[PDB]
């Protein structure tokens, strides 16, 4: 029943950590992350891997949820859905399991379930927590974002925050991480432009 989802980082018991590994320096690169600005820059409907870590294994049945919220207060109350244009296109909605309205999708996990809170009307996607893989330090979830930030009728130029939540079976919060998201035509350019705007302060 939580309208206006919290976005403050909260490592919780197990020290919940969200990080970004690959970095492909380019203007029109499928994606990249600005640590300085705590902002992910990503191409529409492209695969992008995010890295999740814990020190101590979370209780059984724990899940990981991703949910978008608007950064600005005026808009915060507005639910982040896909724009009409992209929603109704056959592109990407042709025989998917994911609803057409959802902005965030998970790539490569069939256990992934798409939540439409019946009261708060909020949209999100959850997957069960998996402990890395024996050689590894990270549980890698791979996400898809299905609309550009600029998309008219949808996000319409308005910034969003992506909130990753480590949760119990019932939904209790164990860990939280948030970061700004921008779905772009060209991540590198838009990143550099914003990073320079920060340098020029």
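Residue numbers count along the first chain shown, from 1. For the two forms, the rigid core is made up of the largest set of C-alpha atoms that agree within 1.5 Å on superposition.
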item	value
More shifted region, core-based fit in 7 other deposited structures of this protein, 22-30 vs 142-150 by CA	22-30
Between 118-126 and 94-102, larger RMS Cα displacement in 7 other deposited structures of this protein after core fit	94-102
Of 23-31 and 137-145, the stretch whose C-alpha atoms average the higher B-factor in the entry	23-31
Selected stretch [higher average CA B-factor]: 100-108 or 127-135	127-135
Among 65, 46, 38, 158 - the residue whose C-alpha B-factor is largest in the record	38
Residue with highest C-alpha B-factor in the PDB entry, from 54, 166, 163, 152	54
For residue 84, the third of its chain into which the C-alpha B factor falls	lowest
Lowest, middle or highest third - CA B-factor, residue 72	middle
Among modelled residues of the same chain, the CA temperature factor third for residue 117	middle
